[PDB]
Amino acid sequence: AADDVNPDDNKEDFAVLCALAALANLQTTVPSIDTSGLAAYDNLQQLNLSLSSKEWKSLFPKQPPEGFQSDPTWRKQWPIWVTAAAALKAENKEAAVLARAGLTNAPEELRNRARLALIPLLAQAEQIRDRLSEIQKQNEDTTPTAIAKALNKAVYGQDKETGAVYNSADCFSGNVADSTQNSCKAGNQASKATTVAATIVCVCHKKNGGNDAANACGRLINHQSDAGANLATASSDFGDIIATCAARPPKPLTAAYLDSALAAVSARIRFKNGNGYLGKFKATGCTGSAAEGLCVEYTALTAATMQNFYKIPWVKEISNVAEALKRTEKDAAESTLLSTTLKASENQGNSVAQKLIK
């Protein structure tokens, strides 16, 4: 019976699935967009405003005044100016701005020369700040909570940040089917095994009624019960199986780690007779019977249609997280430098008075 599903025959598939199941209820840090440069630019805007004429200061309203409501620069800059005016209203803020810049009690001629000296500096800093602001916006949905929810959808079919647990109603799309064979199919019209947890049930469960493949996923599982007939009571058996797993992903979670996990699974799916299979398959279907199979049947999956594996909900959710992280990793690294530059521009602005006095 070497060709039947025996204890440990799905052990290596189970190690890969355990790594994926450990993405449930995840508490990870994400790569941080360094936005300290936004504050540095705001400080430059405040210095610029402080040094401006009484006529300019008088402008500061929800939109530019009549005559400028359609000027594209005023439309762009209005909220930035308004924020600077508001921040300068705060007790002793303007005095602190001027002191940092060497412009306390500055003669009027010096205030004007200083403001003019800031024109090229601010023009250089604008596009740097605008890129940093764009990165912030582009990445604002790459958060620990959004990742946890997506990964809990992947593992357990539960769109929640924490407290996700095995429940067949959520782990199998629409709950378990009439038969194990139908429950353990994914990608077909009647796709059912749409989570990592359902995949583990299908690849690892002990069916009731004899001729089961208990301990296919490892001899150290203590199957205290079974999955029932046709997965009717899979939850108790899943608890025994998952108790043997304690994979931990790298922290912070990376796109590379997630991509490597999906590639590993992809490299293990085997094609036979027009379907793909994860887990040992002998004949008939992925039924939980030792002489048939303990597997997921990727119905109609072939090497040439493998793109469809990436549309299965769990795979798509993990892929989406990986893609979000892939972008945020790079944008976080870019933002470090944008922010350091903007802080450097603030320091430059604070020095122009020394030059001009001399």
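Residue numbers run from 1 along the displayed sequence.
- The modelled chain breaks after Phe60 and resumes at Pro61, leaving 4 to 9 residues of the deposited sequence without coordinates.
- Of the two stretches examined, 171 to 179 and 184 to 192, the record assigns the greater average C-alpha temperature factor to 184 to 192.
- Higher mean CA B-factor, judged across 103 to 111 and 121 to 129 from the recorded values: 103 to 111.
- Note on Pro250, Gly157, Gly279, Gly239: the highest value goes to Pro250, judged by CA B factor as recorded.
- In this structure the maximum Cα B-factor among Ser235, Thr199, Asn208, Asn152 is found at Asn208.
- Among the modelled residues of its chain, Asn10 has a C-alpha B-factor that falls in the lowest third according to the deposited record.
- When all modelled residues of the chain are sorted by CA temperature factor, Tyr257 is found within the middle third.
- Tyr298: CA B factor in the lowest third of modelled residues in this chain (values from the PDB entry).
- Placement of the Cα temperature factor of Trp56 within the chain: highest third of the modelled residues, per the deposited record.
- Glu66 sits in the highest third of its chain by CA B factor, as recorded in the PDB entry.
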